[PDB]
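J.: Here it is, the structure, as structure tokens.
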Amino acid sequence: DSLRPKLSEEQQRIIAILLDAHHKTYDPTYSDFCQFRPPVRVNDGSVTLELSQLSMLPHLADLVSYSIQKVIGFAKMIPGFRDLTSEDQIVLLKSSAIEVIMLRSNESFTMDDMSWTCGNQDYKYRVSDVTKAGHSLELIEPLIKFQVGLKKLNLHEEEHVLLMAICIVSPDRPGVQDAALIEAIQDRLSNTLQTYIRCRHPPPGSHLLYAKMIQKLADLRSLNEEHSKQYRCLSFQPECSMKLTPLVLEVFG
Ligand SMILES: C=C1/C(=C\C=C2/CCC[C@]3(C)[C@@H]([C@H](C)CCCC(C)(C)O)CC[C@@H]23)C[C@@H](O)[C@H](CCn2ncnn2)[C@@H]1O
């Protein structure tokens, strides 16, 4: 069959809304970064020192916090999201925030040097900057892998924003009350994505890109799980909370 239906009027609207939501919640110039607590890079080419200093934690905690604020904004503009009870909106936001952050951060990730460049160089983040924030290689290295695997999908922005949307509106998050509603909205988003890929993505000699995109959603669950383990450890460090933000405290704590 290899049927390739045209995007409906509704699907076109969903895409345009999502593109626009993303353009309003993602600054590709990174002009707000001067407002974050400054990056501090103490020398160490050591878990003990990293935990003792947490020199990068205030800057990256502010980075992530600001990003959670943006994701919330993004989430609210997803068609259907506001049809959910505010209870379910919060469950979905809290459990997906780290995953969407990892997704959206791919826009700053570059394979030039395997860094997130929001730059200049003060605002370039590498493996070692993230260890200076108290995380370890068990999270960071798979995160870099995931970023690369994700660049090599060469997603259209349409596919990129749809993926984050699909990520947020997942029916099987623990503590969701109306799984059916959530699943209906997700299916509309997946159906749009599936339709978009078949229409607009060259060639196809086959439709594997959708499966590859859903695989990334599963990778993200692991990354989420691992971050959660490591955040818990972070929070065992005395005076750690002041280096975070209320939003970061509430979302992961
Ligand atoms: C968080 C983002 C960016 C990079 C993400 C990174 C690089 C550094 C380390 C990060 C934050 C990872 C770590 C493990 C999070 C650690 C969080 C804590 C609370 C300390 O456990 C997850 C994604 C990793 C930059 C950038 O892509 C964007 C920043 C904000 N922004 N810029 C334009 N629009 N929104 C994005 O939201």
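Naming works like this for the structure tokens: A, B, ... for the chains as they're shown, residue 1 at the start of each chain, ligands 1 onward in shown order.
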List the spatial neighbours of residue 148 of chain A as a PyMOL selection string - criterion: any atom at most 12 Å away, only C-alpha atoms, same-chain residues fewer than 3 positions off excluded.
T.: chain A and resi 102-103+105-116+141-145+151-154+216
J.: Tell me, as an NGL selection string, which residues lie within 10 Å of residue 64 of chain A, counting only C-alpha atoms; anything in the same chain fewer than 6 positions away does not count.
T.: :A and (58 or 70 or 97-98 or 101 or 244-245 or 247-248)
J.: Those selected residues, please, written with N, CA and C atoms and delivered as a compact mmCIF listing (two decimals), in the first residue's frame.
T.:
# COMPACT_ATOMS: atom_id res chain seq x y z
N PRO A 58 25.02 25.97 40.67
CA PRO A 58 24.09 27.11 40.60
C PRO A 58 23.76 27.55 39.14
N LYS A 70 10.05 27.30 30.63
CA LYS A 70 9.81 27.32 29.18
C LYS A 70 8.99 26.13 28.72
N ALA A 97 9.47 16.84 32.49
CA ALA A 97 10.42 17.99 32.45
C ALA A 97 11.87 17.65 32.11
N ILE A 98 12.48 16.70 32.82
CA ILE A 98 13.85 16.34 32.50
C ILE A 98 13.98 15.75 31.07
N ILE A 101 13.68 18.62 28.50
CA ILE A 101 14.93 19.35 28.63
C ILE A 101 16.01 18.68 27.78
N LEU A 244 20.21 25.24 44.23
CA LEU A 244 19.16 24.88 43.28
C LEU A 244 18.18 26.03 43.14
N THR A 245 16.92 25.73 42.87
CA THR A 245 15.85 26.75 42.85
C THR A 245 14.60 26.09 43.44
N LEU A 247 11.66 25.71 42.10
CA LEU A 247 11.11 24.92 40.99
C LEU A 247 11.81 23.57 40.77
N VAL A 248 13.15 23.60 40.78
CA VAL A 248 13.98 22.40 40.68
C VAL A 248 13.75 21.52 41.92
J.: Excluding residue 17 of chain A and its own-chain neighbours fewer than 6 positions away, which residues fall within 12 Å of it when counting only C-alpha atoms? Please give them as an MDAnalysis selection string.
T.: chainID A and resid 10:11 23:24 74:80 158 161:162 165 189
J.: Here is a test: counting only C-alpha atoms, which residue of A:217, A:139, A:91, A:100 is nearest to residue 250 of chain A?
T.: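 Going through A:217, A:139, A:91, A:100 one by one, the smallest distance to residue 250 of chain A is for A:91.
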J.: Show me, as a ChimeraX atom specification, the residues that have an atom within 12 Å of residue 241 of chain A when counting only C-alpha atoms, minus same-chain residues fewer than 3 positions from it.
T.: /A:54,57-58,61,231-232,234-238,244-250,252-253
J.: Generate the output file for the selected residues, N, CA and C atoms, as a short mmCIF file (atom, residue, chain, number, x, y, z; two decimals), in the first residue's frame.
T.:
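What landed in out36.cif:
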data_model
loop_
_atom_site.label_atom_id
_atom_site.label_comp_id
_atom_site.auth_asym_id
_atom_site.auth_seq_id
_atom_site.Cartn_x
_atom_site.Cartn_y
_atom_site.Cartn_z
N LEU A 54 30.57 21.84 44.11
CA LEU A 54 29.40 21.98 43.22
C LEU A 54 29.43 23.32 42.45
N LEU A 57 26.88 23.85 39.82
CA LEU A 57 25.48 23.58 40.13
C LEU A 57 24.57 24.81 40.12
N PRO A 58 25.02 25.97 40.67
CA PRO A 58 24.09 27.11 40.60
C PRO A 58 23.76 27.55 39.14
N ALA A 61 21.68 24.63 37.54
CA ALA A 61 20.38 24.60 38.21
C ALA A 61 19.47 25.73 37.71
N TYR A 231 20.04 12.82 41.15
CA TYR A 231 19.53 14.02 41.81
C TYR A 231 19.35 13.79 43.32
N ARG A 232 18.80 12.62 43.68
CA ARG A 232 18.62 12.17 45.07
C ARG A 232 19.95 12.23 45.82
N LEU A 234 22.77 14.02 44.83
CA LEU A 234 23.00 15.45 44.92
C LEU A 234 22.37 16.05 46.17
N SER A 235 21.06 15.84 46.35
CA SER A 235 20.34 16.44 47.47
C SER A 235 20.81 15.98 48.88
N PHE A 236 21.56 14.89 48.95
CA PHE A 236 22.21 14.49 50.20
C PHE A 236 23.36 15.43 50.62
N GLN A 237 23.89 16.19 49.66
CA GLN A 237 24.96 17.15 49.94
C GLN A 237 24.42 18.33 50.75
N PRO A 238 24.98 18.57 51.95
CA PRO A 238 24.54 19.74 52.75
C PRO A 238 24.75 21.06 52.00
N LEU A 244 20.21 25.24 44.23
CA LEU A 244 19.16 24.88 43.28
C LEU A 244 18.18 26.03 43.14
N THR A 245 16.92 25.73 42.87
CA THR A 245 15.85 26.75 42.85
C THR A 245 14.60 26.09 43.44
N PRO A 246 13.62 26.88 43.94
CA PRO A 246 12.36 26.24 44.41
C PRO A 246 11.73 25.28 43.37
N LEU A 247 11.66 25.71 42.10
CA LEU A 247 11.11 24.92 40.99
C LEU A 247 11.81 23.57 40.77
N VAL A 248 13.15 23.60 40.78
CA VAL A 248 13.98 22.40 40.68
C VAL A 248 13.75 21.52 41.92
N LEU A 249 13.71 22.14 43.10
CA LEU A 249 13.39 21.43 44.36
C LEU A 249 12.05 20.67 44.29
N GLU A 250 11.01 21.35 43.85
CA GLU A 250 9.67 20.76 43.80
C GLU A 250 9.56 19.67 42.71
N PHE A 252 11.88 17.68 41.15
CA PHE A 252 12.62 16.42 41.32
C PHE A 252 12.65 15.89 42.77
N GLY A 253 12.23 16.71 43.73
CA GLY A 253 12.37 16.35 45.14
C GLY A 253 11.22 15.57 45.74
#
J.: Quick one: pick out all alpha helix (DSSP H) residues within segment 49-245 of chain A from a backbone DSSP run and write them as a PyMOL selection string.
T.: chain A and resi 49-53+57-76+86-104+127-131+137-151+157-168+179-200+209-236
J.: Using only C-alpha atoms, which residues sit within 8 Å of residue 166 of chain A once same-chain residues fewer than 3 positions away are excluded, as a ChimeraX atom specification?
T.: /A:162-163,169-170,186,189-190
J.: Output the selection as a PDB file, in the first residue's frame - N, CA, C and O atoms for each residue.
T.:
ATOM      1  N   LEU A 162       6.805  18.126  17.643  1.00  0.00           N
ATOM      2  CA  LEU A 162       5.844  17.013  17.806  1.00  0.00           C
ATOM      3  C   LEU A 162       6.330  15.967  18.812  1.00  0.00           C
ATOM      4  O   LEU A 162       5.547  15.496  19.637  1.00  0.00           O
ATOM      5  N   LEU A 163       7.616  15.620  18.737  1.00  0.00           N
ATOM      6  CA  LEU A 163       8.228  14.668  19.665  1.00  0.00           C
ATOM      7  C   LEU A 163       8.140  15.133  21.120  1.00  0.00           C
ATOM      8  O   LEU A 163       7.692  14.364  21.966  1.00  0.00           O
ATOM      9  N   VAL A 169       2.636  14.456  26.780  1.00  0.00           N
ATOM     10  CA  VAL A 169       1.267  13.934  26.862  1.00  0.00           C
ATOM     11  C   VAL A 169       1.311  12.394  26.776  1.00  0.00           C
ATOM     12  O   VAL A 169       0.830  11.817  25.808  1.00  0.00           O
ATOM     13  N   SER A 170       1.925  11.748  27.776  1.00  0.00           N
ATOM     14  CA  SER A 170       2.103  10.274  27.792  1.00  0.00           C
ATOM     15  C   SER A 170       1.126   9.698  28.778  1.00  0.00           C
ATOM     16  O   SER A 170       1.155  10.079  29.940  1.00  0.00           O
ATOM     17  N   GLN A 186      -2.464  12.350  22.840  1.00  0.00           N
ATOM     18  CA  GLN A 186      -1.227  11.774  22.300  1.00  0.00           C
ATOM     19  C   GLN A 186      -1.450  11.165  20.920  1.00  0.00           C
ATOM     20  O   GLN A 186      -0.713  11.498  19.964  1.00  0.00           O
ATOM     21  N   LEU A 189      -1.490  13.588  18.314  1.00  0.00           N
ATOM     22  CA  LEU A 189      -0.136  14.068  18.049  1.00  0.00           C
ATOM     23  C   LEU A 189       0.697  13.042  17.263  1.00  0.00           C
ATOM     24  O   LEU A 189       1.372  13.427  16.302  1.00  0.00           O
ATOM     25  N   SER A 190       0.658  11.758  17.663  1.00  0.00           N
ATOM     26  CA  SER A 190       1.381  10.681  16.943  1.00  0.00           C
ATOM     27  C   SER A 190       0.914  10.494  15.524  1.00  0.00           C
ATOM     28  O   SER A 190       1.742  10.282  14.610  1.00  0.00           O
TER      29      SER A 190
END
J.: Between A:92, A:200, A:212, A:206, which is the closest to residue 173 of chain A once you count only C-alpha atoms?
T.: A:92
